[PDB]
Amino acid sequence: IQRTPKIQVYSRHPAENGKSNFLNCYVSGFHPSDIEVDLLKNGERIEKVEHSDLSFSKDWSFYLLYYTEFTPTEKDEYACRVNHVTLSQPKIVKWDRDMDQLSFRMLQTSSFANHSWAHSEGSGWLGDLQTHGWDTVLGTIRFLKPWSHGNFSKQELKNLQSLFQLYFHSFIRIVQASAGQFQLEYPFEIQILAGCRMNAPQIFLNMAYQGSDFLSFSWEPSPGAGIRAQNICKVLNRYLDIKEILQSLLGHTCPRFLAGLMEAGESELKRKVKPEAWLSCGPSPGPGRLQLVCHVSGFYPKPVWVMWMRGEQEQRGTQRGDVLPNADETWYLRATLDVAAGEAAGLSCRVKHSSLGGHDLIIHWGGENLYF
């Protein structure tokens, strides 16, 4: 299945229209991962445009964060331009002042453009935070956070490195072979999400193909997959050695390891960061109609609760848009409530979060203005 991407554009702080900042384009909900993105100054691609390693969500769709530093002027258009097969012309979204899990996850994506070429990325998260990555060239574990070692010995991991290195190297080789037997259509990608967690059961490992639950761990085919999975599971159910290997790795090794990542994290896990919030007038929807927007940002951990107010009286029109990430492993949420200019004054916006601890940030309105 193919899924047209969802460009979302937002800054990290507000513009005072003068002071240096980051811009975020965040692209998600898209398959296949062969994408091109760019950021724009008035028509112009920039350069020191950083982005995170690729990844994918519980529905196999992919997602990314593209960002750069820069300062704003009262002139100066900004926008996020994205091209991707399912699109019929680069859908460029414009920026605006006025807007517009205690489990160790190892995720892999191996893409297969043709017999000649292939490529794979792989990652190693813990809950929301990516703990590890893979060096494809040098064939080795990029550790990422410092405590990403856990209490696994220097030598302990040195081995796993290899046990993956073979794995990764085998995987491409084998599939490329199997390809025709099982009528895998080039180009195609195969995703995998394996790991530890809980506390009943413990293990897991799912393996989509063209963005679709295809195969899972004995080995079971997915109904939707059809005969292909059905077949592909046979070949695999028969290799007991393989079953057993993983059974040991994900069974009791990786959870021992999880235990490890968990206890070694703490100081950065039990970590709290105060938000920051401000105020818009997103586009007036129709006649004498306002649309004040909230802008909580820069907070961690994720769970945040946010309401447009008016004293203690919760305003139930508050719409709560998605939680994007900023680059500094923090969050950003934009809550929005729209009502007639007369209903407008007196409105607050209240931001509950663990980092404040009892003292919810309250943010009132004098348009297009904002305290405290």
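So that there is no doubt, residue numbering starts at 1 and follows the sequence shown.
Going from residue 100 to residue 101, the model skips 10 or more deposited residues, which lack coordinates. Gap check for residue 143 to residue 144: zero deposited residues are absent from the model. Here the stretch with the larger average CA B-factor, out of 336 to 344 and 44 to 52, is 44 to 52. The mean Cα B-factor in the deposited entry runs higher for 113 to 121 than for the other of 274 to 282 and 113 to 121.
By the numbers in the PDB entry, the CA B factor is greatest at 247 among 183, 86, 206, 247. Between the residues 187, 211, 301, 265, the entry's highest C-alpha temperature factor is the one at 265. Among the modelled residues of its chain, residue 130 has a C-alpha B-factor that falls in the middle third, as given in the PDB entry. Among all modelled residues in its chain, residue 191 ranks in the lowest third by Cα B-factor. Ranked within its chain, residue 197 lands in the highest third, by CA B factor from the PDB record. Annotation for residue 67: CA B-factor lies in the middle third of the chain's modelled residues. Ranked by Cα temperature factor within the chain, residue 295 sits in the lowest third according to the deposited record.
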